[PDB]
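As stored in model-v7.cif (mmCIF, N, CA and C atoms):
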```cif
data_my_file
#
loop_
_atom_site.label_atom_id
_atom_site.label_comp_id
_atom_site.auth_asym_id
_atom_site.auth_seq_id
_atom_site.Cartn_x
_atom_site.Cartn_y
_atom_site.Cartn_z
N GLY F 1 -7.72 -11.82 11.54
CA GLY F 1 -8.27 -11.27 12.81
C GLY F 1 -7.27 -11.34 13.96
N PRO F 2 -7.38 -12.36 14.83
CA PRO F 2 -6.47 -12.53 15.97
C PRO F 2 -5.11 -13.05 15.55
N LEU F 3 -5.05 -13.67 14.37
CA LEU F 3 -3.80 -14.22 13.85
C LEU F 3 -3.01 -13.15 13.10
N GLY F 4 -2.92 -11.96 13.69
CA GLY F 4 -2.19 -10.88 13.06
C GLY F 4 -0.71 -10.90 13.41
N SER F 5 -0.30 -11.93 14.15
CA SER F 5 1.10 -12.07 14.55
C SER F 5 1.97 -12.58 13.40
N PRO F 6 1.56 -13.67 12.72
CA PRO F 6 2.33 -14.23 11.60
C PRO F 6 2.34 -13.30 10.38
N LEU F 7 2.61 -13.87 9.21
CA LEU F 7 2.65 -13.09 7.98
C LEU F 7 1.29 -13.07 7.30
N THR F 8 1.22 -12.40 6.15
CA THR F 8 -0.02 -12.30 5.40
C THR F 8 -0.15 -13.47 4.44
N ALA F 9 0.98 -14.00 3.99
CA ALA F 9 0.99 -15.17 3.13
C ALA F 9 0.32 -16.33 3.86
N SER F 10 0.57 -16.41 5.16
CA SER F 10 -0.05 -17.42 6.00
C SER F 10 -1.53 -17.13 6.14
N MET F 11 -1.88 -15.84 6.19
CA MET F 11 -3.28 -15.43 6.29
C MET F 11 -4.03 -15.86 5.04
N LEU F 12 -3.38 -15.75 3.89
CA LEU F 12 -3.98 -16.12 2.62
C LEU F 12 -4.53 -17.54 2.70
N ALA F 13 -3.71 -18.46 3.19
CA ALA F 13 -4.11 -19.84 3.36
C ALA F 13 -5.19 -19.97 4.44
N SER F 14 -5.15 -19.08 5.42
CA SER F 14 -6.10 -19.11 6.53
C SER F 14 -7.20 -18.07 6.36
N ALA F 15 -7.37 -17.57 5.14
CA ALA F 15 -8.39 -16.57 4.86
C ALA F 15 -9.10 -16.86 3.54
N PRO F 16 -10.42 -17.14 3.58
CA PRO F 16 -11.21 -17.43 2.38
C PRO F 16 -11.07 -16.35 1.31
N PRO F 17 -11.54 -16.61 0.08
CA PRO F 17 -11.45 -15.64 -1.02
C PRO F 17 -12.12 -14.32 -0.68
N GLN F 18 -13.19 -14.38 0.10
CA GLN F 18 -13.93 -13.19 0.50
C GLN F 18 -13.12 -12.37 1.51
N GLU F 19 -12.06 -12.97 2.04
CA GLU F 19 -11.21 -12.31 3.01
C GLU F 19 -10.15 -11.46 2.32
N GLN F 20 -10.34 -11.22 1.03
CA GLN F 20 -9.40 -10.41 0.25
C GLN F 20 -9.12 -9.08 0.93
N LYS F 21 -10.16 -8.26 1.06
CA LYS F 21 -10.02 -6.94 1.65
C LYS F 21 -9.42 -7.01 3.05
N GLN F 22 -9.49 -8.19 3.67
CA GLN F 22 -8.92 -8.37 5.00
C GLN F 22 -7.40 -8.42 4.96
N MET F 23 -6.87 -9.58 4.61
CA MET F 23 -5.42 -9.81 4.59
C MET F 23 -4.72 -9.03 3.47
N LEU F 24 -4.51 -9.71 2.34
CA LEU F 24 -3.77 -9.16 1.21
C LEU F 24 -4.40 -7.89 0.63
N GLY F 25 -5.53 -7.46 1.18
CA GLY F 25 -6.22 -6.34 0.59
C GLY F 25 -6.69 -6.74 -0.78
N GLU F 26 -6.17 -6.08 -1.79
CA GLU F 26 -6.37 -6.55 -3.15
C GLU F 26 -5.46 -7.75 -3.36
N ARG F 27 -4.16 -7.45 -3.40
CA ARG F 27 -3.10 -8.45 -3.48
C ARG F 27 -1.81 -7.79 -3.01
N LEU F 28 -1.97 -6.60 -2.45
CA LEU F 28 -0.86 -5.75 -2.06
C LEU F 28 0.08 -6.38 -1.03
N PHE F 29 -0.37 -6.45 0.22
CA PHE F 29 0.46 -6.95 1.32
C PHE F 29 1.41 -8.07 0.89
N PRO F 30 0.93 -9.12 0.18
CA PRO F 30 1.79 -10.24 -0.25
C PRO F 30 2.97 -9.81 -1.10
N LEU F 31 2.73 -8.93 -2.07
CA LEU F 31 3.81 -8.49 -2.96
C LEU F 31 4.79 -7.61 -2.20
N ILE F 32 4.26 -6.69 -1.41
CA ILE F 32 5.10 -5.82 -0.61
C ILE F 32 5.64 -6.58 0.59
N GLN F 33 5.07 -7.76 0.85
CA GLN F 33 5.56 -8.61 1.93
C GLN F 33 6.99 -9.00 1.61
N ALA F 34 7.24 -9.24 0.33
CA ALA F 34 8.59 -9.51 -0.14
C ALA F 34 9.43 -8.24 -0.02
N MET F 35 8.76 -7.10 -0.20
CA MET F 35 9.39 -5.79 -0.07
C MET F 35 9.07 -5.19 1.30
N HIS F 36 8.84 -6.05 2.28
CA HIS F 36 8.47 -5.63 3.62
C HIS F 36 9.57 -4.81 4.32
N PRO F 37 10.88 -5.08 4.06
CA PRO F 37 11.97 -4.33 4.69
C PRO F 37 11.65 -2.85 4.82
N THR F 38 10.82 -2.35 3.91
CA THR F 38 10.37 -0.96 3.96
C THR F 38 9.28 -0.81 5.01
N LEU F 39 8.03 -1.06 4.60
CA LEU F 39 6.89 -0.98 5.52
C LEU F 39 5.62 -1.51 4.86
N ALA F 40 5.71 -2.70 4.27
CA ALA F 40 4.59 -3.33 3.57
C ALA F 40 3.24 -2.99 4.21
N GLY F 41 3.18 -3.08 5.54
CA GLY F 41 1.95 -2.80 6.27
C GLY F 41 1.24 -1.54 5.81
N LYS F 42 1.91 -0.40 5.89
CA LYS F 42 1.29 0.87 5.53
C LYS F 42 1.20 1.04 4.01
N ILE F 43 2.11 0.40 3.28
CA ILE F 43 2.10 0.51 1.83
C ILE F 43 0.77 0.04 1.26
N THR F 44 0.39 -1.20 1.58
CA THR F 44 -0.87 -1.76 1.12
C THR F 44 -2.01 -0.79 1.40
N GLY F 45 -1.98 -0.18 2.58
CA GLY F 45 -3.01 0.76 2.98
C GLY F 45 -3.30 1.81 1.93
N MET F 46 -2.34 2.71 1.71
CA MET F 46 -2.51 3.80 0.75
C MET F 46 -2.87 3.27 -0.64
N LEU F 47 -2.11 2.29 -1.12
CA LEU F 47 -2.34 1.73 -2.44
C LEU F 47 -3.48 0.72 -2.45
N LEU F 48 -4.22 0.64 -1.34
CA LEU F 48 -5.35 -0.28 -1.25
C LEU F 48 -6.45 0.12 -2.22
N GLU F 49 -6.45 1.38 -2.61
CA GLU F 49 -7.45 1.90 -3.54
C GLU F 49 -7.17 1.41 -4.97
N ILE F 50 -6.43 0.32 -5.08
CA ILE F 50 -6.09 -0.26 -6.37
C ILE F 50 -7.22 -1.16 -6.87
N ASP F 51 -7.18 -1.50 -8.16
CA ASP F 51 -8.22 -2.34 -8.76
C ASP F 51 -8.13 -3.78 -8.28
N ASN F 52 -9.25 -4.49 -8.36
CA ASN F 52 -9.29 -5.89 -7.97
C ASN F 52 -8.94 -6.76 -9.18
N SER F 53 -9.24 -6.26 -10.37
CA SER F 53 -8.91 -6.96 -11.60
C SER F 53 -7.41 -6.87 -11.85
N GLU F 54 -6.82 -5.77 -11.40
CA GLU F 54 -5.39 -5.55 -11.55
C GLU F 54 -4.62 -6.32 -10.48
N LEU F 55 -5.26 -6.56 -9.34
CA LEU F 55 -4.62 -7.29 -8.26
C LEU F 55 -4.21 -8.68 -8.73
N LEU F 56 -5.12 -9.35 -9.42
CA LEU F 56 -4.84 -10.68 -9.95
C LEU F 56 -3.74 -10.62 -11.00
N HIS F 57 -3.80 -9.59 -11.84
CA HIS F 57 -2.82 -9.41 -12.90
C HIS F 57 -1.43 -9.14 -12.32
N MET F 58 -1.39 -8.51 -11.15
CA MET F 58 -0.12 -8.19 -10.50
C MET F 58 0.61 -9.46 -10.09
N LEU F 59 -0.12 -10.40 -9.49
CA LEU F 59 0.47 -11.67 -9.06
C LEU F 59 0.91 -12.49 -10.27
N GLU F 60 0.39 -12.16 -11.44
CA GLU F 60 0.74 -12.87 -12.66
C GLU F 60 1.78 -12.10 -13.47
N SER F 61 2.07 -10.87 -13.05
CA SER F 61 3.05 -10.04 -13.74
C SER F 61 4.12 -9.55 -12.77
N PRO F 62 5.20 -10.33 -12.58
CA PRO F 62 6.29 -9.95 -11.67
C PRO F 62 6.95 -8.64 -12.08
N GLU F 63 7.00 -8.39 -13.38
CA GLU F 63 7.62 -7.17 -13.91
C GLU F 63 6.69 -5.97 -13.76
N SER F 64 5.44 -6.13 -14.19
CA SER F 64 4.47 -5.04 -14.13
C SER F 64 4.08 -4.73 -12.69
N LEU F 65 4.07 -5.75 -11.85
CA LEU F 65 3.68 -5.60 -10.46
C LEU F 65 4.76 -4.89 -9.65
N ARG F 66 5.92 -5.52 -9.52
CA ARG F 66 7.01 -4.97 -8.74
C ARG F 66 7.28 -3.52 -9.11
N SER F 67 7.00 -3.18 -10.36
CA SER F 67 7.18 -1.81 -10.83
C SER F 67 6.21 -0.87 -10.11
N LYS F 68 4.96 -1.32 -9.99
CA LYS F 68 3.94 -0.53 -9.31
C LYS F 68 4.27 -0.39 -7.83
N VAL F 69 4.45 -1.52 -7.15
CA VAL F 69 4.77 -1.50 -5.73
C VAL F 69 6.13 -0.86 -5.49
N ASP F 70 6.96 -0.81 -6.54
CA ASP F 70 8.26 -0.15 -6.44
C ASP F 70 8.05 1.28 -5.96
N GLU F 71 7.12 1.97 -6.61
CA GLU F 71 6.77 3.33 -6.22
C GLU F 71 6.10 3.31 -4.86
N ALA F 72 5.35 2.24 -4.59
CA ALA F 72 4.67 2.07 -3.32
C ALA F 72 5.66 2.15 -2.16
N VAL F 73 6.80 1.47 -2.32
CA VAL F 73 7.85 1.50 -1.31
C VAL F 73 8.33 2.93 -1.11
N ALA F 74 8.30 3.71 -2.19
CA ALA F 74 8.73 5.10 -2.14
C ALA F 74 7.73 5.98 -1.41
N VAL F 75 6.44 5.69 -1.59
CA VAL F 75 5.39 6.48 -0.93
C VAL F 75 5.58 6.45 0.58
N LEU F 76 6.17 5.36 1.08
CA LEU F 76 6.44 5.21 2.51
C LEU F 76 7.57 6.13 2.94
N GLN F 77 8.70 6.01 2.25
CA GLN F 77 9.87 6.82 2.55
C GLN F 77 9.50 8.30 2.60
N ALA F 78 8.58 8.70 1.73
CA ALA F 78 8.11 10.08 1.69
C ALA F 78 7.04 10.31 2.75
N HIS F 79 6.34 9.24 3.13
CA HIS F 79 5.28 9.33 4.13
C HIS F 79 5.84 9.75 5.49
N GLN F 80 6.94 9.13 5.89
CA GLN F 80 7.56 9.45 7.18
C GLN F 80 8.46 10.67 7.06
N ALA F 81 8.75 11.08 5.83
CA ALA F 81 9.61 12.24 5.59
C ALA F 81 8.84 13.55 5.76
N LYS F 82 7.72 13.68 5.06
CA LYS F 82 6.91 14.89 5.12
C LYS F 82 6.09 14.94 6.40
N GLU F 83 6.12 13.85 7.17
CA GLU F 83 5.37 13.77 8.41
C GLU F 83 6.21 14.26 9.59
N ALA F 84 7.49 13.92 9.58
CA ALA F 84 8.40 14.33 10.65
C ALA F 84 8.86 15.77 10.46
N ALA F 85 8.89 16.22 9.21
CA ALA F 85 9.31 17.58 8.90
C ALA F 85 8.16 18.57 9.06
N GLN F 86 7.25 18.27 9.98
CA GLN F 86 6.10 19.13 10.23
C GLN F 86 6.48 20.30 11.13
N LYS F 87 6.58 20.03 12.43
CA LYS F 87 6.94 21.07 13.39
C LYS F 87 8.44 21.07 13.67
N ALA F 88 9.10 19.98 13.30
CA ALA F 88 10.54 19.85 13.52
C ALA F 88 11.32 20.43 12.34
N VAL F 89 11.03 21.68 12.01
CA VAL F 89 11.71 22.35 10.91
C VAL F 89 12.76 23.34 11.43
N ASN F 90 14.02 23.08 11.10
CA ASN F 90 15.11 23.94 11.54
C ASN F 90 15.61 24.82 10.40
N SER F 91 15.67 24.25 9.20
CA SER F 91 16.13 24.98 8.03
C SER F 91 15.07 25.98 7.56
N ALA F 92 15.52 27.02 6.86
CA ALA F 92 14.61 28.04 6.35
C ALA F 92 13.79 27.52 5.18
N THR F 93 12.75 28.27 4.82
CA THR F 93 11.88 27.88 3.71
C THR F 93 12.35 28.52 2.41
N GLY F 94 11.61 28.27 1.33
CA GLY F 94 11.97 28.83 0.04
C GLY F 94 11.60 30.29 -0.08
N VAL F 95 12.38 31.03 -0.86
CA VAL F 95 12.13 32.46 -1.07
C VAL F 95 11.23 32.68 -2.29
N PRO F 96 10.40 33.74 -2.26
CA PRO F 96 9.50 34.06 -3.37
C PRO F 96 10.21 34.76 -4.52
N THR F 97 11.18 34.08 -5.11
CA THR F 97 11.94 34.63 -6.22
C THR F 97 11.26 34.33 -7.55
N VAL F 98 10.67 35.36 -8.16
CA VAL F 98 9.98 35.20 -9.43
C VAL F 98 10.76 35.87 -10.56
N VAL U 1 -0.01 18.69 2.55
CA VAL U 1 -0.47 17.33 2.93
C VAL U 1 0.45 16.26 2.37
N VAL U 2 0.08 15.00 2.57
CA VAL U 2 0.88 13.88 2.08
C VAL U 2 0.34 13.36 0.75
N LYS U 3 0.95 13.79 -0.34
CA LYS U 3 0.54 13.37 -1.67
C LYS U 3 1.31 12.14 -2.12
N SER U 4 0.59 11.14 -2.63
CA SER U 4 1.21 9.91 -3.09
C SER U 4 1.62 10.02 -4.55
N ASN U 5 2.28 8.98 -5.05
CA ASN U 5 2.73 8.96 -6.44
C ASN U 5 2.00 7.88 -7.24
N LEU U 6 1.93 6.67 -6.68
CA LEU U 6 1.25 5.56 -7.34
C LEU U 6 -0.25 5.79 -7.37
N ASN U 7 -0.91 5.59 -6.23
CA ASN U 7 -2.35 5.79 -6.13
C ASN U 7 -2.68 7.23 -5.76
N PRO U 8 -3.67 7.84 -6.43
CA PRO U 8 -4.08 9.21 -6.15
C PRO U 8 -4.98 9.30 -4.92
N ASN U 9 -5.31 8.14 -4.35
CA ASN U 9 -6.17 8.08 -3.17
C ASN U 9 -5.47 7.35 -2.02
N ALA U 10 -4.25 7.78 -1.71
CA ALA U 10 -3.48 7.17 -0.64
C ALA U 10 -4.19 7.29 0.71
N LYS U 11 -4.95 6.27 1.07
CA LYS U 11 -5.66 6.24 2.35
C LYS U 11 -5.30 4.99 3.14
N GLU U 12 -5.41 5.06 4.46
CA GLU U 12 -5.08 3.93 5.33
C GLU U 12 -5.85 2.68 4.92
N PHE U 13 -5.42 1.53 5.44
CA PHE U 13 -6.06 0.25 5.12
C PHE U 13 -7.20 -0.02 6.09
N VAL U 14 -8.43 0.09 5.59
CA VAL U 14 -9.61 -0.17 6.39
C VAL U 14 -10.32 -1.44 5.92
N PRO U 15 -9.96 -2.60 6.49
CA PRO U 15 -10.54 -3.89 6.12
C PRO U 15 -12.06 -3.91 6.24
N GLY U 16 -12.63 -5.11 6.17
CA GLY U 16 -14.07 -5.26 6.26
C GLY U 16 -14.76 -5.07 4.92
N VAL U 17 -14.42 -3.97 4.24
CA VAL U 17 -14.99 -3.69 2.92
C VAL U 17 -13.90 -3.68 1.85
N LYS U 18 -14.28 -4.03 0.63
CA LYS U 18 -13.33 -4.05 -0.48
C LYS U 18 -12.93 -2.64 -0.88
N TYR U 19 -11.87 -2.13 -0.25
CA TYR U 19 -11.38 -0.79 -0.53
C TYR U 19 -10.80 -0.70 -1.94
N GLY U 20 -11.31 0.24 -2.73
CA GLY U 20 -10.84 0.41 -4.09
C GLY U 20 -11.67 -0.36 -5.10
N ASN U 21 -12.85 -0.79 -4.68
CA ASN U 21 -13.75 -1.54 -5.55
C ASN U 21 -14.84 -0.63 -6.12
N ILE U 22 -15.55 -1.13 -7.13
CA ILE U 22 -16.61 -0.37 -7.77
C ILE U 22 -17.97 -1.02 -7.53
#
```
What's the C-alpha cells form of this structure?
Amino acid sequence: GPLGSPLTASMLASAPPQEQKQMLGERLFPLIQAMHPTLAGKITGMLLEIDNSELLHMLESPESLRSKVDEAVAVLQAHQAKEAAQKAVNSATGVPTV
Amino acid sequence: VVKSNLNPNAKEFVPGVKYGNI
C-alpha cells in the first residue's frame, strides 16, 4: 500500500499470503525484480494473467521461470516501441506487393 | 494494437483481486 517506495521482495515479508495479487502478483514482480533493469513494474502487469499454480513452480524453477519472464522483458521493449511509433511516424509504410 | 508474446492477455496490473485466477 503506502510502502510502495521500497522493493517488492520487502513487500513479500511485509505482505501476508493473501497479499499475493497485491505485491508479487502471482510471483512475477520478484522474478522480474532481478530483471528490473528493464521495467519489472509493467512486466508483471501484462503477464499478471499467469497461473497461480505456475507462480509457485516458477520460484522453484530458475530455468523454466527466467525463460518465461525472459520474453516478459521483451514484451516491454516492444511495449514502448509500438507505443511511441504511433503518431511519430516519419518513415513510409509497407507497399501492397502481392 | 499492442500484442504480447508470453501472455495472450497482456493487461495492466490491477491489484485487489487475483488477476489470472480461476
Proximity of chain U to chain F: per-residue shortest pair, 5 Å limit, all atoms listed in the file, as a Markdown table:
```
| residue | atom | partner | partner_atom | distance |
| --- | --- | --- | --- | --- |
| U:10 | CA | F:46 | CA | 3.8 |
| U:11 | N | F:46 | CA | 3.5 |
| U:12 | C | F:45 | CA | 3.9 |
| U:13 | N | F:45 | CA | 3.5 |
| U:15 | CA | F:21 | C | 4.5 |
| U:16 | N | F:21 | C | 4.9 |
| U:18 | CA | F:21 | CA | 4.9 |
| U:19 | C | F:48 | C | 4.4 |
| U:20 | CA | F:49 | CA | 3.7 |
```
May I have the selected residues written with N, CA and C atoms, as a PDB file, in the coordinates of the input?
```pdb
ATOM      1  N   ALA U  10      -4.250   7.780  -1.710  1.00  0.00           N
ATOM      2  CA  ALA U  10      -3.480   7.170  -0.640  1.00  0.00           C
ATOM      3  C   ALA U  10      -4.190   7.290   0.710  1.00  0.00           C
ATOM      4  N   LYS U  11      -4.950   6.270   1.070  1.00  0.00           N
ATOM      5  CA  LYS U  11      -5.660   6.240   2.350  1.00  0.00           C
ATOM      6  C   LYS U  11      -5.300   4.990   3.140  1.00  0.00           C
ATOM      7  N   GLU U  12      -5.410   5.060   4.460  1.00  0.00           N
ATOM      8  CA  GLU U  12      -5.080   3.930   5.330  1.00  0.00           C
ATOM      9  C   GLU U  12      -5.850   2.680   4.920  1.00  0.00           C
ATOM     10  N   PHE U  13      -5.420   1.530   5.440  1.00  0.00           N
ATOM     11  CA  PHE U  13      -6.060   0.250   5.120  1.00  0.00           C
ATOM     12  C   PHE U  13      -7.200  -0.020   6.090  1.00  0.00           C
ATOM     13  N   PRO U  15      -9.960  -2.600   6.490  1.00  0.00           N
ATOM     14  CA  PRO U  15     -10.540  -3.890   6.120  1.00  0.00           C
ATOM     15  C   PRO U  15     -12.060  -3.910   6.240  1.00  0.00           C
ATOM     16  N   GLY U  16     -12.630  -5.110   6.170  1.00  0.00           N
ATOM     17  CA  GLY U  16     -14.070  -5.260   6.260  1.00  0.00           C
ATOM     18  C   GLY U  16     -14.760  -5.070   4.920  1.00  0.00           C
ATOM     19  N   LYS U  18     -14.280  -4.030   0.630  1.00  0.00           N
ATOM     20  CA  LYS U  18     -13.330  -4.050  -0.480  1.00  0.00           C
ATOM     21  C   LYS U  18     -12.930  -2.640  -0.880  1.00  0.00           C
ATOM     22  N   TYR U  19     -11.870  -2.130  -0.250  1.00  0.00           N
ATOM     23  CA  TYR U  19     -11.380  -0.790  -0.530  1.00  0.00           C
ATOM     24  C   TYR U  19     -10.800  -0.700  -1.940  1.00  0.00           C
ATOM     25  N   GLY U  20     -11.310   0.240  -2.730  1.00  0.00           N
ATOM     26  CA  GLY U  20     -10.840   0.410  -4.090  1.00  0.00           C
ATOM     27  C   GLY U  20     -11.670  -0.360  -5.100  1.00  0.00           C
TER      28      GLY U  20
END
```
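We find atom N of residue 93 of chain F and atom N of residue 8 of chain U to be spaced 28.5 Å apart.
Between atom C of residue 62 of chain F and atom CA of residue 21 of chain U lies a distance of 22.8 Å.
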Determine the residue membership of the PyMOL selection byres (((chain F and resi 3 and name CA) around 12) and name CA) for the file above and supply it as a ChimeraX atom specification. /F:1-2,4-15,22-23
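We find atom CA of residue 3 of chain U and atom CA of residue 31 of chain F to be spaced 22.1 Å apart.
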Around all the atoms of segment 5-15 of chain U listed in the file, draw an axis-aligned box and extend it by 6 Å on each of the six sides; I want its centre and edge lengths in Å to one decimal, as AutoDock Vina command-line options.
```
--center_x -4.7 --center_y 2.7 --center_z -0.4 --size_x 26.8 --size_y 25.2 --size_z 25.9
```
Among chain F, which residues does DSSP mark as helix (DSSP H, G or I) when it is run on the backbone? Keep the chain and numbering as in the structure and answer as number ranges by chain. F: 8-13, 17-19, 28-34, 40-49, 52-60, 62-79, 81-84
Filtering to C-alpha atoms, could segment 9-56 of chain F of the supplied structure be written out as a tab-separated table (two decimals), in the first residue's frame?
```tsv
chain	number	residue	atom	x	y	z
F	9	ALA	CA	10.86	-8.52	-2.02
F	10	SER	CA	10.50	-6.36	1.07
F	11	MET	CA	6.75	-6.25	0.46
F	12	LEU	CA	6.68	-10.04	0.44
F	13	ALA	CA	7.90	-10.07	4.04
F	14	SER	CA	5.51	-7.21	4.83
F	15	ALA	CA	2.59	-8.73	2.91
F	16	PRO	CA	0.53	-11.77	4.08
F	17	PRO	CA	-0.06	-14.76	1.71
F	18	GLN	CA	-3.40	-13.23	0.71
F	19	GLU	CA	-1.45	-10.17	-0.42
F	20	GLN	CA	-0.25	-12.17	-3.43
F	21	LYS	CA	-2.26	-10.25	-6.02
F	22	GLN	CA	-1.00	-7.10	-4.29
F	23	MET	CA	2.80	-7.18	-4.30
F	24	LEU	CA	4.38	-10.03	-6.28
F	25	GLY	CA	1.12	-10.50	-8.14
F	26	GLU	CA	1.39	-14.18	-8.80
F	27	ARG	CA	5.15	-14.31	-8.30
F	28	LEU	CA	6.07	-12.03	-11.17
F	29	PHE	CA	7.44	-8.77	-9.73
F	30	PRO	CA	10.04	-10.69	-7.58
F	31	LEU	CA	11.49	-12.63	-10.53
F	32	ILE	CA	11.47	-9.62	-12.82
F	33	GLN	CA	12.72	-7.63	-9.84
F	34	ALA	CA	16.03	-9.28	-10.58
F	35	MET	CA	15.37	-8.35	-14.20
F	36	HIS	CA	14.13	-4.92	-13.14
F	37	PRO	CA	16.77	-3.03	-15.26
F	38	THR	CA	14.10	-3.37	-17.94
F	39	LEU	CA	10.76	-2.46	-16.35
F	40	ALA	CA	9.69	-5.19	-13.88
F	41	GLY	CA	6.82	-2.93	-12.80
F	42	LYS	CA	4.89	-3.06	-16.07
F	43	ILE	CA	6.11	-6.56	-16.93
F	44	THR	CA	4.28	-8.19	-14.02
F	45	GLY	CA	1.19	-6.28	-15.10
F	46	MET	CA	0.71	-7.76	-18.57
F	47	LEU	CA	1.93	-11.21	-17.53
F	48	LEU	CA	-0.20	-10.96	-14.38
F	49	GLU	CA	-2.75	-13.12	-16.18
F	50	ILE	CA	-0.43	-16.04	-15.38
F	51	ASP	CA	-1.40	-19.11	-13.34
F	52	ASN	CA	-1.12	-19.22	-9.56
F	53	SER	CA	-0.04	-22.86	-9.60
F	54	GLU	CA	2.66	-21.94	-12.08
F	55	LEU	CA	3.74	-18.96	-9.97
F	56	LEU	CA	4.96	-21.29	-7.24
```
